[PDB]
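Asker: Take a look at this one; I'll ask things after.
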Amino acid sequence: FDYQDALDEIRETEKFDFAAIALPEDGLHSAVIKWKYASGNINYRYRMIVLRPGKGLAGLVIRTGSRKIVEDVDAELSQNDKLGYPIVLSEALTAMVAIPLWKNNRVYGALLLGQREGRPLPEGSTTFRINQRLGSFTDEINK
């Protein structure tokens with residue numbers, strides 16, 4: 001209440017083509033990660049993404065608890081990497097920053113900021129800060 005709006009603000013203000021939030025959800029005998037919120041999406045395929053623990057770009061970020069930066073998806077990610085990151089394929093991202101969302105002293109979800117069509121990541125994305133901009137969540141800085 002309301003994460004969609006905040007997501008739009010960040011994407012609109014920081015000038016990204018795409019933004020999304022990954023959060024934990026209850027599954028049968030296993031918690032899963034889904035892309036619950038999205039801004040500037042080109043289709044609705046991301047809604048169908050269900051990730052087992054540790055999997056996907058979101059899972060990589062949740063596991064390491066530190067941000068992941070990809071200036072150029074095409075050149076930096078292997079075929080295997082790309083296949084294992086469905087939202088990247090689904091949204092046609094050519095560059096992206098993924099940031100761990102921390103609730104309390106625990107890594108919780110992930111914020112993805114992405115670009116399309118070869119548009120570079122905005123200058124300063126490397127030290128983008130979640131705190132006081134996404135409700136309760138903070139990033140890995142000061143952890």
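By convention in this document, the chains of the structure tokens carry letters A, B, ... by their order, each chain's residues are numbered from 1, and ligands are numbered from 1 in the order they are shown.
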Enumerate, as a VMD selection string, the complete set of residues in stretch 44-117 of chain A that a backbone-based DSSP assignment places in alpha helix (DSSP H).

Answerer: chain A and resid 56 to 64 73 to 76 79 to 83 86 to 91

Asker: Using only C-alpha atoms, which residues sit within 8 Å of residue A:33 once same-chain residues fewer than 5 positions away are excluded, as a list in words?

Answerer: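 So the residues in contact are residues 22, 23, 24, 25, 50, 51, 52, 53, 58 and 59 of chain A.
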
Asker: So what do you get for atom CA of residue A:99 versus atom CA of residue A:134, distance-wise?

Answerer: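 For atom CA of residue A:99 relative to atom CA of residue A:134, the distance reads 11.9 Å.
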
Asker: What's the 12 Å shell around stretch 107-109 of chain A, counting only C-alpha atoms, without same-chain residues fewer than 6 positions away, as a ChimeraX atom specification?

Answerer: /A:20-25,31-37,53-54,57-67,98-101,130,134,136-141,143

Asker: To one decimal place, how far is atom CA of residue A:39 from atom CA of residue A:16 in Å?

Answerer: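 Taking atom CA of residue A:39 as the start and atom CA of residue A:16 as the end point, the length is 9.5 Å.
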
Asker: Could you give me the residues within stretch 4-84 of chain A that DSSP places in strand (DSSP E), as a ChimeraX atom specification?

Answerer: /A:18-25,32-39,50-51,68-70

Asker: To one decimal place in Å, what is the distance between atom CA of residue A:69 and atom CA of residue A:112?

Answerer: 9.9 Å

Asker: Which residue out of A:89, A:113, A:19, A:97 has the minimum interatomic distance to residue A:3 when only C-alpha atoms are used?

Answerer: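 Counting only C-alpha atoms, the residue closest to residue A:3 is A:19.
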
Asker: Could you tell me which of A:74, A:42, A:96, A:8 comes closest to residue A:125 if we count only C-alpha atoms?

Answerer: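 When distances to residue A:125 are compared using only C-alpha atoms, the smallest one comes from A:96.
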
Asker: When distances are computed from only C-alpha atoms, which of A:47, A:55, A:82, A:68 shows the smallest separation from residue A:111?

Answerer: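 Under the stated criterion, the closest residue is A:68.
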